[PDB]
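1. take this sequence and fold it.
(2 chains)
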Amino acid sequence: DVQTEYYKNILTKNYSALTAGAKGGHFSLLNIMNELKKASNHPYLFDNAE
DNA sequence: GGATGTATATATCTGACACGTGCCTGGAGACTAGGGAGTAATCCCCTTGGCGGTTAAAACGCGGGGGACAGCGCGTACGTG
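-> Residues are numbered from 1 along each chain as shown, chains lettered A, B, ... in the order given. Below is the structure:
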């Protein structure tokens, strides 16, 4: 479910939702396919996701 | 009996407001052309994540000595009347 919601947030870009509870909130959505591969691998690759 | 402090009434200042007037500059309406929005193609530059190898620059430790800083004197230059 976490992988699915991260894929939905990246593919339909949701910077406000991708920030969410992060204090810094420094999310880079350049190289969309790289972030999609990271979401397909593990959600813990993203910052403030564990 | 003379002199003194307070209270309401009228004339004058003083900025603000109602009215008047010109006039000119902004607004209403119509028309047009062109500037900018949108589309497609092509090619070069940038992004994020990796790798390998060189090597010169960065980091760390330590001695020491040069310089920052504190204290004291003095005399003169500036404050003060």
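
2. gap between residue A:27 and DNA strand B?
-> 10 Å (Cβ to the nearest atom of the strand, to the nearest Å). Where you see a C-beta, it was placed from the backbone N, CA and C, and this is true even at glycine.

3. check residue A:11 too.
-> Counting by Cβ to the nearest atom of the strand - residue A:11 and DNA strand B are separated by 16 Å.

4. which one is that residue nearest to, not counting chain neighbours?
-> residue A:36 (6.9 Å; Cβ to Cβ, 6 or more residues apart in numbering).

5. for the helix or strand hosting that neighbour, packing partners?
-> According to DSSP states H and E, residue A:36 maps onto helix A:32-41. Packed against helix A:32-41 by the contact rule (3 or more Cβ pairs under 8 Å, 6 or more residues apart in numbering; DSSP states H and E) you find helix A:2-11.

6. now the helix it packs on: how far from the chain's centre is it?
-> Mean-position distance between helix A:2-11 and its chain equals 7 Å (Cα atoms, centre = their mean, to the nearest Å).

7. angle of it against helix A:32-41?
-> In terms of direction (axes from the mean of the first three to the mean of the last three Cα atoms, to 10 degrees), helix A:2-11 departs from helix A:32-41 by 170 degrees.

8. which SSE is immediately downstream of helix A:2-11?
-> helix A:15-19.

9. quick one: the residue nearest to residue A:11 from residue A:9, how far?
-> Computed as Cβ to Cβ, to the nearest Å, the residue A:36 to residue A:9 distance reads 11 Å.

10. many thanks, have a good one.
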